[PDB]
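J.: Next input, structure requested:
(chains A, B, C, D, E, F, G, H, I, J and K, ligands or ions: 38)
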Amino acid sequence: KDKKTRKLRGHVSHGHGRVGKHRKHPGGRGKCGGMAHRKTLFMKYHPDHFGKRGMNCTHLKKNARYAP
Amino acid sequence: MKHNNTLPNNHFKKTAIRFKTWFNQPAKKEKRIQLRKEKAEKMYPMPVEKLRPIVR
Amino acid sequence: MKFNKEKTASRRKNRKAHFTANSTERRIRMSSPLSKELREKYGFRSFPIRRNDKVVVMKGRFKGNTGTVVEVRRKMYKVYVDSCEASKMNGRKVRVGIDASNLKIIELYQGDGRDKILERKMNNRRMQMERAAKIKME
Amino acid sequence: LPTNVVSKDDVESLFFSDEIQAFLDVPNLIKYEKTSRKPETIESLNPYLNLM
Amino acid sequence: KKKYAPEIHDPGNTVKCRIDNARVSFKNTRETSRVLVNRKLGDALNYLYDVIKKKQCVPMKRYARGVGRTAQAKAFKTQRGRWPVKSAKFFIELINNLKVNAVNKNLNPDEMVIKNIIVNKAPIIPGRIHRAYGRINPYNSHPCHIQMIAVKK
Amino acid sequence: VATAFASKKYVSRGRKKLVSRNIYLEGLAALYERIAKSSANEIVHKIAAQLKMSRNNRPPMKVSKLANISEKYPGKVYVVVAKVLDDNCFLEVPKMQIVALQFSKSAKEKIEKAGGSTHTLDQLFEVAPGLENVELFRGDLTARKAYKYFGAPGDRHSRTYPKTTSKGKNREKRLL
RNA sequence: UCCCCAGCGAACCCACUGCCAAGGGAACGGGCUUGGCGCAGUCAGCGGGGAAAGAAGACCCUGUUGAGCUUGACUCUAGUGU
RNA sequence: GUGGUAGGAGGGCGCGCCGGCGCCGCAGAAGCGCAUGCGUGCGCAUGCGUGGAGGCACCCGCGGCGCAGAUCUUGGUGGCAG
RNA sequence: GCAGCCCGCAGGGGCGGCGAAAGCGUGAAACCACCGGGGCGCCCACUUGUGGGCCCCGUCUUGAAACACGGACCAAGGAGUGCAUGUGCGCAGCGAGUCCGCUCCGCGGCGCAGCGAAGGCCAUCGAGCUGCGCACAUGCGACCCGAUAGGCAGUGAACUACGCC
RNA sequence: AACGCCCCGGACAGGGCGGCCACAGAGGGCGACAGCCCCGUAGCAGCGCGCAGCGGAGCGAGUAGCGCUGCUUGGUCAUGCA
RNA sequence: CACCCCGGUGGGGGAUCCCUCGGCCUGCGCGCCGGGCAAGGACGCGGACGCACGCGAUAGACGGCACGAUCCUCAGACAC
Ligand SMILES: [Mg+2]
Ligand SMILES: [Mg+2]
Ligand SMILES: [Mg+2]
Ligand SMILES: [Mg+2]
Ligand SMILES: [Mg+2]
Ligand SMILES: [Mg+2]
Ligand SMILES: [Mg+2]
Ligand SMILES: [Mg+2]
Ligand SMILES: [Mg+2]
Ligand SMILES: [Mg+2]
Ligand SMILES: [Mg+2]
Ligand SMILES: [Mg+2]
Ligand SMILES: [Mg+2]
Ligand SMILES: [Mg+2]
Ligand SMILES: [Mg+2]
Ligand SMILES: [Mg+2]
Ligand SMILES: [Mg+2]
Ligand SMILES: [Mg+2]
Ligand SMILES: [Mg+2]
Ligand SMILES: [Mg+2]
Ligand SMILES: [Mg+2]
Ligand SMILES: [Mg+2]
Ligand SMILES: [Mg+2]
Ligand SMILES: [Mg+2]
Ligand SMILES: [Mg+2]
Ligand SMILES: [Mg+2]
Ligand SMILES: [Mg+2]
Ligand SMILES: [Mg+2]
Ligand SMILES: [Mg+2]
Ligand SMILES: [Mg+2]
Ligand SMILES: [Mg+2]
Ligand SMILES: [Mg+2]
Ligand SMILES: [Mg+2]
Ligand SMILES: [Mg+2]
Ligand SMILES: [Mg+2]
Ligand SMILES: [Mg+2]
Ligand SMILES: [Mg+2]
Ligand SMILES: [Mg+2]
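T.: Residues are numbered from 1 along each chain as shown, chains lettered A, B, ... in the order given. Ligands and ions are numbered 1, 2, ... in the order given. Okay, here it is:
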């Protein structure tokens, strides 16, 4: 099938609403605001994103630890 | 960002990122075959490879 | 097909080579076929047309006329044959420019060393036919 | 070489094989009259209103 | 040859004349055209001589906003009239050209009546005027293409 | 909207039409649609609906899963409307007659080396003439890698895995 | 000067524009509703109206947009001194 | 069974070019103008005129693929205004 | 592809001339001249001039005919794309495997099983891999156009400021 | 290498008929669309001349490293650099 | 009468379509400046020569070699 743009020719506000809009970056760029305004996105879908777990191994070697 | 997805690790923030396209890839292959043939013709009896050991 | 990668089949480069041909190449591009009576003697298919060449017109308005070549003009690629003319308003008769591909040479001029140039193409054609005869023999 | 999901050719013709044809229940082929909604025709289908 | 605007029904009995890119005011020469149609060929001369002598005027009807009134425009049931001497002079040379074309065709120029006049806009000849505050505005002439056709009665 | 039966069950239509333009698969789907329109048998109605299903809605069967089935329903014709795959955990399988869409080449060899026979879904009414001793099976629909990540991993008692591309130690784990 | 003429000859501006009264309406209509009128569409005056034209309000507020500037702001820093 | 903004979905119309496949054209192609017809509609087909060398249909594939607006851009032209 | 004849000081005009034609291809629209026809701007109805219905579109807005903003007209141009990585769905090949395209030849990746920070534990167990397509998320100029700013590197005292000769 | 006749037309490269060449039917020109009119296209061609002698365990400092500092790096009680 | 609308003819303008010795992209090849005066510039150089392009007081083809009959606006040049 074709892309969605080929059906949105003719309609103002291509698919993004008149009152809303397609603005540049509302909410911020990337995954910022994970503790402020996208906290609901991180409490729901990535609750283990923030913080530290466990003992760091500086340069884990894959071939030495290979044991399938 | 909006939905449930893996967190994005896309590293195109630097405007200095280059791209190495591979349009020379079929052409380099025919150049590479031609040089190997010309090496074999330069050393006609001698093998084109060295004798190399078997190592673990 | 053309299997030589180093020559163009490009239309743009072939058209630019035709209109910006130099004068040595423009002489070759203004070749004209010989008669069958000339081709039994010389052997080659065509030869570059020259002044004082006898010519029969093969296409166009003057088709079937015979006359001598009185003017060749390499820029605009036009051969002007005697007795292929049109008058101006003031009665002045102008020779009409015919392309060399529309002319067939009846009698080749041989004066200004042209008999050497005809024999050089004739002998190289004869020599190259001998090599291709030996190669197909072997 | 690729394996097809069917063995025979023209598998819709398998419908007329007697192995399938014996298996079938009898379909309803009764062609009904087109219904009418106008009150004179549907009184005329059951003309027993005037009997009382 | 260049075609004329109106239809010629009897080319034996009609004459035509032309001037292209005539350096006249188009709006002035449109208005004097509309008062020259359906006139006898010699009567159109005597009218245009009176325009130059300012005895009769040219009624300005379409291109007329701001034109001052005159008593001579009462003849044409208007008030706005003018005396476009240059367009009157261009038409005199054309009507004189109609008379010589009539005698070249052996028709009586006293019998010809001007049937059609088409005054077309010519391309604009550009010019500049210097203005206040360092601005440059166009100062263009608006020439005209004129066609006349006269038929005998 | 669904069809009822004498056994008070419903078999829904599924897709109105299959999206696959496999001409032979839609020949199979149109065939069983024609049988199901003139039959009260629910197995034909379930096969007709499952033939139009997507690849994700037709999860595959191993021969080890059909082997454990064959102890539960011995001597029957096992019908799967999926691809039957092989288990290299199991060197040989019981003898069983399996009617499926596709068989992998390894699965087809173990069934035949057991003495059993593989058949396609158009051969069903020759293998079982009155459609007798036919046992129709589905694979596990939720045994798919996408079902680990459905839902939200940060809900109250959710066992949803977090969406991550990493397999390292610094990947997101489930907080249970 | 204007005004009238010969010749020359722009720009601003321009959704579209018969004119009123009241009403309704985004609460001050040229268009709607209901009434009152006027219409040969020309010349000159004129500044009531077009909430006239100028100019993405300079006032005010908002912006997680600034800049100039100040200091008891925060973090630094040339300089002086040890 | 039939309203519909924001919005989502489906099926088509249209454009440049592609791989094919049916064809057409100096006895006049595209384009254009005016007509007639078809079409719910996007649009399509024909006639006549012009034009003077290419083009059409369908199936496929690629996409810088459809405009009334952006104080849009560029060009042209009006009214204003003799 | 001309200047013959008549007219004009001339530019030129008219009868002509060359050529298949065009006469520096085609020649749309805005717009204009003249001529011809007709007078709702649109929709409906019919016996065509009457009646009935219609405020200016776009837009933001709770609400626009608005005394809200943009729009004189017309042509042409003109705005969700590309890549990367995901996810979901559909399709496709094979399937405990799968992936040609780095290369002259992947035991490289993912999957066949997970848990824990780790020591350690290890199943009662599970279809995937790859491609194609769309939607969507993110990074990128990121639908198009738009700041005031900030920086880096340069150029100017012909205006003007001051000082010197 | 290999093309003639007829029709239409201002002109044949068009149409019709009949051939021909092809290791050449890529492309361009020629008064319309040319394998055979032209330019082209496919196709076809190699070799020679040189190389000699006399030490071989020589070894690396304002460095490495450490301390401090500044920069840098994925480099983490320091990766690099100063 | 003006005004408006529709058509015809003529204007007006340059859209459309067709064309394209141009661009763009990719691949390959080359990869060679300079006191032996470079890059760049200035000024000059044609019978009639402004621009462009060419050129350097040997100044709009000087020599060698190859080519072989035209160049052209006029005048002329040309198998020496
Ligand atoms: Mg919007
Ligand atoms: Mg949307
Ligand atoms: Mg809001
Ligand atoms: Mg906070
Ligand atoms: Mg006045
Ligand atoms: Mg000034
Ligand atoms: Mg005046
Ligand atoms: Mg009022
Ligand atoms: Mg009223
Ligand atoms: Mg007034
Ligand atoms: Mg006022
Ligand atoms: Mg503002
Ligand atoms: Mg805020
Ligand atoms: Mg609806
Ligand atoms: Mg909508
Ligand atoms: Mg087309
Ligand atoms: Mg079409
Ligand atoms: Mg676009
Ligand atoms: Mg537009
Ligand atoms: Mg719009
Ligand atoms: Mg104007
Ligand atoms: Mg033209
Ligand atoms: Mg709203
Ligand atoms: Mg409001
Ligand atoms: Mg509105
Ligand atoms: Mg108001
Ligand atoms: Mg405005
Ligand atoms: Mg457009
Ligand atoms: Mg995006
Ligand atoms: Mg900007
Ligand atoms: Mg800053
Ligand atoms: Mg600076
Ligand atoms: Mg040191
Ligand atoms: Mg009109
Ligand atoms: Mg242009
Ligand atoms: Mg390049
Ligand atoms: Mg020098
Ligand atoms: Mg010389």
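
J.: and the gap between the residue sitting nearest the centre point of chain B and RNA strand K?
T.: The centroid of chain B falls nearest to residue B:25 when counting by Cα atoms, centre = their mean (8.3 Å). Distance check for residue B:25 against RNA strand K: by Cβ to the nearest atom of the strand, to the nearest Å, it reads 8 Å. (Each C-beta comes from the backbone N, C-alpha and C, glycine too.)

J.: ok, the residue of chain B found nearest chain F - contacts?
T.: Closest contact between chain B and chain F, by Cβ to the nearest Cβ, is at residue B:6 (4.5 Å). Residues counted as contacts of residue B:6 (Cβ atoms under 8 Å, 6 or more residues apart in numbering or on different chains) are F:163-165.

J.: Restrict those residues to the buried ones and give me that as a ChimeraX selection.
T.: The buried subset of these, as determined by 16 or more other Cβ atoms under 10 Å in any protein chain shown, is captured in ChimeraX by this line:
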select /F:163,164
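
J.: Which residues of chain D lie near RNA strand J?
T.: Residues of chain D lying close to RNA strand J (Cβ under 7 Å from any atom of the strand): none.

J.: Tell me where chain D has helices.
T.: D:18-23, D:39-44 (DSSP state H).

J.: The last one: how far from the chain's middle?
T.: Relative to its parent chain, helix D:39-44 has a centroid offset of 27 Å by Cα atoms, centre = their mean, to the nearest Å.

J.: and the residue in chain F positioned nearest to RNA strand J, what is it in contact with?
T.: Using Cβ to the nearest atom of the strand, residue F:170 is the residue of chain F that sits closest to RNA strand J, at 12.4 Å. Neighbour list for residue F:170: residue A:53 [criterion: Cβ under 8 Å, 6+ apart].

J.: how far away is it from chain D?
T.: 44 Å (Cβ to the nearest Cβ, to the nearest Å).

J.: Now do that residue against residue A:55, distance only.
T.: Using Cβ to Cβ, to the nearest Å, we find residue F:170 at a distance of 11 Å from residue A:55.

J.: again, but for residue C:135
T.: With Cβ to Cβ as the criterion, residue C:135 and residue A:55 are 81 Å apart.

J.: Tell me which of the two has more neighbours.
T.: Higher neighbour count among residue C:135 and residue A:55: residue C:135, with 8 against 5, using other Cβ atoms under 10 Å in any protein chain shown.

J.: Would you agree that one falls within a helix?
T.: Yes - according to DSSP: H, G, I helix; E, B strand; the rest coil, residue C:135 belongs to a helix.

J.: how about the residues of chain B near RNA strand K?
T.: Counting by Cβ under 7 Å from any atom of the strand, chain B sits next to RNA strand K at B:21, B:23-24, B:27-28, B:31.

J.: Please list only the buried members of the residues you listed.
T.: The buried subset of the residues of chain B next to RNA strand K (16+ other Cβ under 10 Å) is empty.

J.: need the residues you listed in CSV with secondary structure, can you?
T.: Shown next, in CSV, are these (three-state DSSP):
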residue, secondary structure
B:21, coil
B:23, coil
B:24, coil
B:27, helix
B:28, helix
B:31, helix
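
J.: Out of those, give me the two with the largest separation.
T.: B:21 and B:31 (17.0 Å; Cβ to Cβ).

J.: follow-up on the earlier one: let me know which of the helices of chain D is tucked in deepest.
T.: Scoring those by mean neighbour count under mean count of other Cβ atoms under 10 Å in any protein chain shown gives helix D:18-23 as the most buried, with a mean of 15.

J.: what's it in contact with?
T.: D:14-15, F:35, F:39, F:41, F:125-126, F:129-131.

J.: Among those, which are located in helices?
T.: Short answer: these in helices (DSSP H) are F:35, F:125-126.

J.: Adding neighbour count and distance to residue C:46, write those out as TSV.
T.: Listed next are the ones in helices among the contacts of helix D:18-23 as TSV, based on neighbours: other Cβ atoms under 10 Å in any protein chain shown; distance: Cβ to Cβ, whole Å:
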residue	neighbour count	distance to residue C:46
F:35	23	78
F:125	22	79
F:126	15	77
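
J.: which of those lies closest to RNA strand K?
T.: Of all the ones in helices among the contacts of helix D:18-23, residue F:35 has the smallest distance to RNA strand K: 54.7 Å, by Cβ to the nearest atom of the strand.

J.: Could you tell me which residues of chain A lie near chain F?
T.: By the rule Cβ under 8 Å from any Cβ of the partner chain, the part of chain A lying against chain F is A:42-49, A:53-54, A:57, A:60.

J.: Then chain D?
T.: Of all the residues in chain D, those lying near chain F are D:3-8, D:10-12, D:14-15, D:17, D:19-20, D:22-27, going by Cβ under 8 Å from any Cβ.

J.: Within reach of RNA strand I, which of those are there?
T.: residue D:3.

J.: Filter the residues of chain D next to chain F down to the buried ones and hand me the ChimeraX line.
T.: Buried subset of the residues of chain D next to chain F, written as a ChimeraX selection, criterion 16+ other Cβ under 10 Å:
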select /D:5,6,11,14,19,20,23,24
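
J.: Tell me the spacing between residue D:49 and residue D:18.
T.: 52 Å.

J.: so the nearest residue to residue E:19 once chain neighbours are set aside, which of the three states?
T.: Of all residues not flanking residue E:19 in the chain, residue E:146 sits nearest, at 5.0 Å (Cβ to Cβ, 6 or more residues apart in numbering or on different chains). Using three-state DSSP, the structure places residue E:146 in strand.

J.: hang on, residue E:146 packs against residue E:30?
T.: No - the criterion here is Cβ atoms under 8 Å, and residue E:146 misses it with residue E:30 at 9.5 Å.

J.: which neighbours do these two share?
T.: residue E:119.

J.: Can you tell me the element the residue of chain E found nearest RNA strand J falls in?
T.: Of all residues in chain E, residue E:1 sits closest to RNA strand J, at 19.7 Å by Cβ to the nearest atom of the strand. Assigned by DSSP states H and E, residue E:1 falls within no helix or strand.

J.: Count the neighbours of it for me.
T.: Residue E:1: 3 neighbours (other Cβ under 10 Å).
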